[PDB]
Colleague: 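Sharing a structure with you now.
Order of appearance sets the numbers: ligands from 1, and atoms from 1 within every ligand. Atoms considered below: every heavy atom in the structure, side chains included; atoms not considered: hydrogens, waters and symmetry mates. One is the number of the first residue; the rest follow in order along the sequence.
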Amino acid sequence: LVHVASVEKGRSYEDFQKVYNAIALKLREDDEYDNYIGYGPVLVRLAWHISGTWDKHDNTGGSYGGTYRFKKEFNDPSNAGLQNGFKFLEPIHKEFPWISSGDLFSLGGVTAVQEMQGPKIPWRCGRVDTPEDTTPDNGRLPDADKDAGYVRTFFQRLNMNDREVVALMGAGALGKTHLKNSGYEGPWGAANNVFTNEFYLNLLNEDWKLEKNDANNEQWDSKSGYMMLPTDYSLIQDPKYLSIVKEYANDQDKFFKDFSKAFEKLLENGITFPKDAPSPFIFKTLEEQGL
Ligand code: HEM
């Protein structure tokens with residue numbers, strides 16, 4: 001199953017930087033969403049969920065085709081809550097109708113991280129919309145009530161190794177869980193809309209208590225008011241994961257670098273890039289632009 005990247009006709013860096021800016025500006029202006037957390041976290045969750053359907057065995061799913069736009073995928077119960085990120089982007093697609101769904105959903109994720117003071121994520125254009133019949137079935141995203149073995153095994157299908165898995169979960173400790181959404185409730189840390197390595201720190205230095213939530217699900221709770229999913233907590237149970245958790249807790253920059261590489265790989269899985277394709281773009285932030 002081959003998916004070759006095709007640059008949107010005649011567009012270049014400037015075109016996409018325009019699209020970046022538009023997303024970044026609305027991020028700035030629609031600041032009260034989710035109790036003034038903003039749309040950042042939901043955008044990077046959306047970029048991960050549309051990429052997380054990929055299966056390295058037959059090259060199905062993945063971000064290439066933008067199939068989250070079809071009812072089947074849009075209505076995946078594991079995607080509950082993502083409708084708000086979709087609706088956020090909708091005005092922008094209208095403003096820039098030449099960009100493909102897949103490029104817009106993945107650039108939304110890159111924009112959020114950079115605007116929330118995360119690392120730069122190089123990004124490549126060229127995803128191409130594919131028909132509804134290419135939509136992956138529900139069920140390829142991970143469960144939260146499982147263990148390390150589960151986590152390790154799951155991510156193998158996305159060709160992610162241990163270091164890559166731990167960098168990706170870390171995920172700047174952004175946003176929170178919502179009971180109505182996932183049957184989980186609460187944030188991973190104090191800065192839910194600044195990209196940091198706080199998750200690693202919190203994991204290792206909080207006092208966690210295994211409790212049941214109002215959705216009758218167990219989660220780990222801290223006196224500080226933070227929470228961890230069973231799959232999150234499993235990272236300190238596994239001896240291989242734990243060592244990496246400790247490395248990222250002790251080195252902000254290493255973590256920043258590692259995440260950038262894994263997130264780009266995640267966004268690019270399944271896509272074939274012609275040698276003649278353009279190099280990846282590195283977008284400047286609003287701040288770097290003085291906007
Ligand atoms: C074993 C893997 C993972 C599991 C089981 C999982 C599960 C969860 C669940 C239960 C939520 C709550 C959704 C809601 O209630 O609104 C969620 C939120 C989110 N996750 Fe994941 N996830 C994992 C991996 C990832 C990774 C790899 C990233 C992205 C790089 C990611 C980014 C997010 C973010 C940003 C949120 C917060 C969204 C917002 O605040 O609305 N997750 N995750």
Colleague: Could you tell me the residue and atom name of the protein heavy atom closest to atom 11 (C) of ligand 1, and the distance to it rounded to 0.1 Å?
Modeller: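 Protein heavy atom with the smallest distance to atom 11 (C) of ligand 1: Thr177 CG2, 4.1 Å.
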
Colleague: Between the side chain of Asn202 and the main-chain N/O of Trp188, is any donor-acceptor distance below 3.5 Å?
Modeller: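 Yes; judged by distance alone, with no hydrogens or angles, the pair exists.
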
Colleague: As a check for students: among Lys176, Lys146, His49, identify the option with a heavy atom nearest to atom 37 (C) of ligand 1.
Modeller: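 It is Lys176 whose heavy atom sits nearest to atom 37 (C) of ligand 1.
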
Colleague: Provide the number and element of each atom of ligand 1 under 4.0 Å from a heavy atom of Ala144.
Modeller: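 Reading through ligand 1 atom by atom, the close ones are 5 (C).
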
Colleague: Ring centres under 6.0 Å, that's the criterion: do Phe199 and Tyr248 meet it?
Modeller: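 Not under 6.0 Å, so no.
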
Colleague: Considering only protein heavy atoms, which is closest to atom 12 (C) of ligand 1, and at what distance to one decimal place?
Modeller: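 Protein heavy atom with the smallest distance to atom 12 (C) of ligand 1: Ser182 OG, 3.4 Å.
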
Colleague: Just need the protein heavy atom nearest to atom 3 (C) of ligand 1, so name the residue and atom and give the distance.
Modeller: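 For atom 3 (C) of ligand 1, the nearest protein heavy atom comes out as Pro142 CG, 3.8 Å.
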
Colleague: Measure the distance from atom 35 (C) of ligand 1 to every protein heavy atom, then report the residue, atom name and distance (to 0.1 Å) of the closest one.
Modeller: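 Of every protein heavy atom, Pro41 O, 3.4 Å lies nearest to atom 35 (C) of ligand 1.
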
Colleague: Tell me which one of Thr60, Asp55, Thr53 satisfies side chain to side chain donor-acceptor pair (under 3.5 Å) with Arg140.
Modeller: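 Answer after filtering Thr60, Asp55, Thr53: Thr60.
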
Colleague: What is the nearest protein non-hydrogen atom to atom 30 (C) of ligand 1, stated with its residue, atom name and distance?
Modeller: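 Sorting protein heavy atoms by distance from atom 30 (C) of ligand 1 puts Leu168 O, 3.7 Å first.
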
Colleague: What protein heavy atom sits nearest atom 8 (C) of ligand 1, and how far off is it?
Modeller: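 Sorting protein heavy atoms by distance from atom 8 (C) of ligand 1 puts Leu229 CD1, 3.7 Å first.
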
Colleague: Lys265: what forms a salt bridge (charged side-chain N to carboxylate O under 4.0 Å, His left out) with it, not counting sequence neighbours?
Modeller: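 Residues passing salt bridge (charged side-chain N to carboxylate O under 4.0 Å, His left out) with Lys265: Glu164.
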
Colleague: At less than 4.0 angstrom from any non-hydrogen atom of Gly175, what atoms of ligand 1 do you find?
Modeller: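 So the atoms of ligand 1 that pass are 40 (O).
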
Colleague: With no hydrogens and no angle check, do the side chains of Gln219 and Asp221 hold a donor and an acceptor under 3.5 Å apart?
Modeller: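 Looking only at side-chain atoms, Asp221 and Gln219 do form a donor-acceptor pair, the distance falling under 3.5 Å.
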
Colleague: As an exercise, identify every atom of ligand 1 less than 4.0 angstrom from a heavy atom of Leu174.
Modeller: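 Going through ligand 1 atom by atom, the ones under 4.0 Å from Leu174 are 35 (C), 37 (C).
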
Colleague: Select the closest option to atom 42 (N) of ligand 1 among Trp48, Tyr39, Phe259, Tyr33, judged by heavy-atom distance.
Modeller: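 Checking each option, the heavy atom nearest atom 42 (N) of ligand 1 is found in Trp48.
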
Colleague: Between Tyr33 and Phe88, is the gap from one ring center to the other below 6.0 Å?
Modeller: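 Not under 6.0 Å, so no.
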
Colleague: May I ask you to establish whether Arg69 and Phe105 are in a cation-pi arrangement, using a distance under 6.0 Å from NZ or CZ to the six-membered ring centre and at most 45° from the ring axis?
Modeller: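 Judged by the rule, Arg69 and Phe105 form no cation-pi pair.
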
Colleague: Does the side chain of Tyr200 come under 3.5 Å of the side chain of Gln252 through a donor N or O and an acceptor N or O?
Modeller: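 Distance-only check fails for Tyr200 and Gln252.
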
Colleague: Quick test of your reading of the structure: of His178, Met116, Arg45, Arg152, whose heavy atom lies closest to atom 41 (O) of ligand 1?
Modeller: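 Checking each option, the heavy atom nearest atom 41 (O) of ligand 1 is found in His178.
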
Colleague: Does the separation of the ring centres of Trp123 and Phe16 fall below 6.0 angstrom?
Modeller: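 Between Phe16 and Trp123, which both carry aromatic rings, the centre distance is below 6.0 Å.
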
Colleague: Within the structure, is a non-hydrogen atom of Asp143 found at a distance of less than 4.0 Å from ligand 1?
Modeller: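 Contact check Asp143 vs ligand 1: positive.
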
